[PDB]
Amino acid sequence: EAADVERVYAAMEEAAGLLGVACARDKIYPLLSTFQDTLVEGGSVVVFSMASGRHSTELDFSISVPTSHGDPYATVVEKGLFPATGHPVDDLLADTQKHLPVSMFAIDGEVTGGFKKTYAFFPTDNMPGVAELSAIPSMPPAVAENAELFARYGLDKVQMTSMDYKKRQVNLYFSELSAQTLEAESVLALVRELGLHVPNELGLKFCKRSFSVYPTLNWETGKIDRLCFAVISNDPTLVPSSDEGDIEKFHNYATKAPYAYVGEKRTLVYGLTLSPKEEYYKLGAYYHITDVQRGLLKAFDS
């Protein structure tokens, strides 16, 4: 439906407008048209994410794609929207769906850069572990090489994975996080073992409220590139930053981002990313939600 396409793109321009970013129509429209059938409201999930620091001038968008549509990456490459990288990341999404049960896909891009990643969601009642994922042929070796470290901190079940074709990286979104996993002492030992920025009192408090945690890995080495803690809430003032700018800019976005489910508050997902020499924050404001998001809010934002 050309209608849903225009609408989704307009909302995307709105979100970008809030951060002073311009959408590259030539890179976005073709992508939205290709999966236009998935833009239907109801069972679709769409997110527009902002970030701080060196990411403050970009705006990401995520769109859920039903598995029935087939490998979303093969589609973008076949249509000529993106050039295969020639690396294992090209087959990872396909191999993941082949070896494990995938409940749904998702495409991700940046308003000025275009397409850059896909996601593979797993059934909540049938989530794979570190061992099941590390056995995927195209999966980065780093996953298996860090298996002992993951198990030591209670990172077992994975609710989904994401593949970044431009940076050739993979994220493992751990779920069912225990309390001792998110304890201050545990989080500190973990970051130190990975050589990432040490979170302060404020950051640690945010890590404790996390419902999801995801490390980023690559095919070059067995070293984790960064680690992210995600919190989901309806509260627009949670950005874990002490900078006046961030507090103001994030809260503004959280209260003005577009959303197609009037009648409820905006679902928000905040992120605290720790890299070797710094930390940055991100915030995704959902444009479209489903009962999954509602279920999560009841469980982690009560």
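In this text, residue numbers run from 1 along the sequence as written.
- Of the two stretches examined, 202-210 and 123-131, the record assigns the greater average C-alpha temperature factor to 123-131.
- Legend: mean Cα B-factor per stretch from the PDB entry, 165-173 versus 96-104; the higher mean is in 96-104.
- Each of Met50, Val262, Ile28, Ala254 has a CA temperature factor in the record; the biggest one is found at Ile28.
- Per the PDB record, residue ranking by Cα B-factor puts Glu185 in the middle third of the chain.
- Ranked by C-alpha B-factor against the other modelled residues of its chain, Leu272 falls in the lowest third.
- In the deposited entry, the Cα temperature factor of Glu41 sits in the top third of values across the chain's modelled residues.
- Compared with the other modelled residues of the chain, the Cα B-factor recorded for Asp235 ranks in the middle third.
- Sort the modelled residues of the chain by CA B factor and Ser138 lands in the middle third.
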